[PDB]
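Derivation of every value follows stated rules applied to the coordinates shown; laboratory data play no part. Don't worry about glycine lacking a Cβ; one is built from the backbone with ideal geometry, like all the others, and counts go over all protein chains shown.
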Amino acid sequence: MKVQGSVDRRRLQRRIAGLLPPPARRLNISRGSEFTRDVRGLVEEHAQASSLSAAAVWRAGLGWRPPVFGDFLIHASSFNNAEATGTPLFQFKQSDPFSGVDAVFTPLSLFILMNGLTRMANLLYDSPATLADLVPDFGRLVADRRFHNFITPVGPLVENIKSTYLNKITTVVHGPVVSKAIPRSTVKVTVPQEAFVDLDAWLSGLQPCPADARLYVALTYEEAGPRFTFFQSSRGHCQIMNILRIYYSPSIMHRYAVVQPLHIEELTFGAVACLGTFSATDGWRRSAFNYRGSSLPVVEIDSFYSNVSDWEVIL
Amino acid sequence: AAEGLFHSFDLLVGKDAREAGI
Amino acid sequence: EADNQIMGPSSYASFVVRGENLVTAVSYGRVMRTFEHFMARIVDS
Amino acid sequence: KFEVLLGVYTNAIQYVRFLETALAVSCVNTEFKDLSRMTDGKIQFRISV
């Protein structure tokens, strides 16, 4: 005399068995008979998927979201073998020779080029003069302020096949970040915790909470050199720029001396791009690097949909 | 690499249980 | 060229699971025989 | 009715198999149905000297 309970398992088993998608069709080429049988199944499936005459031939009842992989080749000096998987990388353009190296760049490499985090970056790169050789007109492009047009964002890396001089690199361009070797194991994206400003708390009825929170990237020419900043915000492309200008105003006040009244080519204070979108209402996670001289705290964010944007002028 | 389990049995390649196979 | 062609397999090899077989007739006679055999392979050819 | 013949020539192509070239001497090939079973993908060799 058991109660039998309040809910029935037969219903759940049936509806879930209905929900399972049919299996992928393996094709067996090594053995003849298995090959023939799978080909018979293939012709029956095409007869079952394309004939408007019948109704069971209608199969569309009840998404393709890997990333678009793009492969870059880079020198083994312009990249640490140890640097973590998923860090956003930014790319540079060579003039005549492009096949030799692509010269893709990492945020710590930008912090080095631009001149705690300093010591970590030096323990990664003691003699970064190749870094100066990658951009010959660095001292020219800081002033021509054309530095942002050439630094194009590439986003997180998945895999890097390791060679003596060259490095093979696979980069997520558009779509959610995902891997390839296995049934598509996921990755996450890391940015150092310092030199990152949370602009949803910098000014902190009730403000509304959107579904999706975006990460922007901006490049500023201060009198203490250029510098890069990434912003975790959620409000809108029309308001993030205004709030950012309000933020930079104390740093903008200093540029009265450097600007040139005659030549107007240096005036721009910076540019803002949008890298990708992640889940709000969650936050991010805190971890340190595990390298030899690793002391930098780093934010890492899940659920990154890489949708890169262009550099937009702000002043 | 999966420290706490039991070793049940071995698949073999090459029909020889010697160390030469994987 | 010497002998002009090489002889090989015709289909990819598969893996056999022959690790365990002992579910039949644990007994003293076969025990002695197995010990003798697996110790005698060392010296004999 | 009947009409003129036509001059046609079809090329002959030699088809290849991996197990049928000498390159298969260097390798050791086995059949693994699904590579998703190999998730760890690391193999440890235990060498005795």
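Out of D:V8, D:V16, D:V28, D:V4, I need the residue that is surrounded by 10 or more Cβ atoms within 10 Å (Cβ to Cβ) and either out of contact with any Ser or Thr (no Cβ under 7 Å at 6 or more places or on another chain) or assigned to a loop (DSSP other than H, G, I, E, B) (or both). Which one?
Unique residue meeting the criteria: D:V28.
Please state which one of C:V43, C:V31 is at negative phi and part of a loop (DSSP other than H, G, I, E, B). Even if it seems obvious, please write down each step before you answer.
Details: C:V31 fails: part of a loop (DSSP other than H, G, I, E, B).
Just a single option satisfies the conditions, and that option is C:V43.
Restricting to the stretch A:69-86, and then to whatever is under 18 Å from A:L134 (Cα atoms) and among the hydroxyl-bearing types (S, T, Y), can you tell me which residue is nearest to the chain's Cα centre (by Cα)?
Step one: filter the stretch A:69-86 for residues under 18 Å from A:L134 (Cα atoms), giving A:72-80.
Filter once more, so that each one left must be among the hydroxyl-bearing types (S, T, Y): A:77-78.
Working: A:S77: 22, A:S78: 19 Å.
Residue satisfying both the conditions and the ranking: A:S78.
Out of the residues in the stretch A:280-315 meeting the condition of being of a type in the set (S, T, Y) and over 14 Å from the mean Cα position of the chain (by Cα), tell me which one is surrounded by the fewest Cβ atoms within 10 Å (Cβ to Cβ).
A:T281
Quick one: how many residues across chain B are aliphatic (A, V, I, L, M) and surrounded by 10 or more Cβ atoms within 10 Å (Cβ to Cβ)?
Final tally of qualifying residues: 5.
Which numbered condition trips up A:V135, out of (1) in contact with a strand residue (DSSP E or B) (Cβ under 8 Å, 6 or more places away or on another chain); (2) surrounded by 13 or more Cβ atoms within 10 Å (Cβ to Cβ); (3) of a type in the set (V, I, T)?
It is condition (1) that A:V135 fails.
Filter the stretch A:157-189 down to residues that are part of a loop (DSSP other than H, G, I, E, B) and either more than 21 Å from A:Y305 (Cα to Cα) or more than 14 Å from every other protein chain (Cβ to nearest Cβ) (or both), then give me how many there are.
7
Report every pair of residues separated by at least 6 positions or lying on different chains whose Cβ atoms are under 8 Å apart, first residue within the stretch D:16-37 and over 19 Å from C:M7 (Cβ atoms), second surrounded by 10 or more Cβ atoms within 10 Å (Cβ to Cβ) and small (G, A, S).
D:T30/C:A13; D:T30/C:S14; D:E31/A:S30; D:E31/C:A13; D:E31/C:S14
List pairs: first in the stretch C:4-24 and more than 7 Å from chain B (Cβ to nearest Cβ), second surrounded by 10 or more Cβ atoms within 10 Å (Cβ to Cβ) and basic (K, R), Cβ under 9 Å, 6+ apart or cross-chain?
Note: pairs meeting the criteria are C:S11/A:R31.
Step by step: first the residues of the stretch A:1-53, then only those that are part of a helix (DSSP H, G or I), under 30 Å from C:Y12 (Cα atoms) and of a type outside the set (D, E, K, R), then the one that is farthest from the other protein chains (Cβ to nearest Cβ). Which residue is that?
Looking at the filtered set, the residue picked out is A:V43.
Yes or no, residue by residue, for (1) within 12 Å of chain C (Cβ to nearest Cβ); (2) over 12 Å from the mean Cα position of the chain (by Cα):
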{"position": "D:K1", "(1), (2)": "no, yes"}
{"position": "D:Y9", "(1), (2)": "no, yes"}
{"position": "D:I13", "(1), (2)": "no, yes"}
{"position": "D:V16", "(1), (2)": "no, no"}
{"position": "D:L19", "(1), (2)": "yes, no"}
{"position": "D:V28", "(1), (2)": "yes, yes"}
{"position": "D:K33", "(1), (2)": "yes, yes"}
{"position": "D:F45", "(1), (2)": "no, yes"}
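Among the residues of the stretch A:5-12, is any within 27 Å of A:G175 (Cβ to Cβ) and either of a type in the set (G, A, S) or more than 34 Å from the chain's Cα centre (by Cα) (or both)?
To start, the set of residues in the stretch A:5-12 that are within 27 Å of A:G175 (Cβ to Cβ) comprises none.
No, the stretch A:5-12 has no match at all.
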